[PDB]
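From first to last, the protein sequence lines stand for chains C and G.
Numbering of the first sequence is given in the entry's author numbering, commencing with residue 253 and proceeding in unit increments.
Numbering of the second sequence is given in the entry's author numbering, commencing with residue 2 and proceeding in unit increments.
Note that beta-carbon positions come from the ideal geometry of N, C-alpha and C, so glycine has one too.
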Amino acid sequence: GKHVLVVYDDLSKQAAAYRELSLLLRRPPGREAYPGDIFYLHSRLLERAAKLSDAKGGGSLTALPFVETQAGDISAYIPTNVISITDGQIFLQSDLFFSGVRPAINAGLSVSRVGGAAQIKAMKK
Amino acid sequence: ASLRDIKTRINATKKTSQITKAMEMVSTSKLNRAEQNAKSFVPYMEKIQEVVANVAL
Numbered sequence: 253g254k255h256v257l258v259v260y261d262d263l264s265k266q267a268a269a270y271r272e273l274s275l276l277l278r279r280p281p282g283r284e285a286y287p288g289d290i291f292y293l294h295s296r297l298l299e300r301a302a303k304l305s306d307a308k309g310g311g312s313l314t315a316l317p318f319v320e321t322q323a324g325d326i327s328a329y330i331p332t333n334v335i336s337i338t339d340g341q342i343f344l345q346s347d348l349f350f351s352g353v354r355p356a357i358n359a360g361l362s363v364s365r366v367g368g369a370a371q372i373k374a375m376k377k
Numbered sequence: 002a003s004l005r006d007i008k009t010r011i012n013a014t015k016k017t018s019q020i021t022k023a024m025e026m027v028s029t030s031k032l033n034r035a036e037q038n039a040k041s042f043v044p045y046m047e048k049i050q051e052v053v054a055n056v057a058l
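What follows is the structure, encoded as structure tokens:
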């Protein structure tokens, strides 16, 4: 019945490690040499965060996975897989970072499907 | 750089080209309407100056 916050620092590095293990075990790779079940791995990991019903005690776990891109390429395989799973995303941009805007949340691209329901009334106003 | 890097700058420059072309068209129409007033003004100035040509001498 408690509430837990879990932060995964590098799902990209976890995926790299799993790719290494798969290729050493000689399994066929997909695009970018990743194994075909990396999406199964990440979805199975992430979909364990939930808000339990009152009959189950009311506890909850919220997750904040991190993904690192190279030169702002969010169309890559791991970023696409992680984006298609989570409820929302927050994009941090270096061009905003050096122009003084810190933290560098790009509000135009950032999305939250749970907005409003997650805010108090004064904030929503 | 990346394709993602290139696309944003291409978009910005295309929009800039659009805006500049639109302003060029507007200035063209403005010039066309502006020359009419000079055409209308020439006779007045000439007719005053020709009277000056004997009154002020």
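Check: Three-state secondary structure assigned by DSSP to C/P331; Outcome: helix
Check: Members of the stretch 317 to 333 of chain C near chain G, C-beta cut-off 9 angstroms; Outcome: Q322, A323, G324, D325, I326, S327
Check: Buried versus exposed, by CB contacts within 10 Å (16 or more), C/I330; Outcome: buried
Check: Any beta strand (DSSP E) of 3 or more consecutive residues that is wholly inside the stretch 292 to 358 of chain C; Outcome: 312 to 315
Check: Where C/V319 falls, given that 16 or more other Cβ within 10 Å makes a residue buried; Outcome: buried
Check: G/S3: contacting residues in chain C (beta-carbon distance under 8 angstroms); Outcome: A323, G324, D325
Check: Cβ shell of C/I337 (< 6 angstroms), same chain only, five flanking positions each side left out; Outcome: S295, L298
Check: Buried or exposed by the 16-neighbour rule on C-beta atoms within 10 Å, applied to G/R10; Outcome: exposed
Check: Same chain, Cβ closer than 7 angstroms to C/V363, neighbours up to 5 away in sequence not counted; Outcome: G340, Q341
Check: C/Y292 to C/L276 span [Cα, whole Å]; Outcome: 19 angstroms
Check: The stretch 352 to 360 of chain C / the stretch 297 to 314 of chain C touching (three or more Cβ pairs under 8 angstroms); Outcome: no
Check: Reduced DSSP secondary structure (H/G/I, E/B, other) of C/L257; Outcome: strand
Check: Beta-carbon gap between G/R5 and C/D325 smaller than 7 angstroms; Outcome: yes
Check: For C/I290 and C/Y270, believed in contact at Cβ under 8 angstroms, the rounded distance; Outcome: 6 angstroms
Check: G/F42 to G/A35 span [Cα, whole Å]; Outcome: 11 angstroms
Check: Segment limits, alpha helix (DSSP H) that includes G/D6; Outcome: 4 to 56
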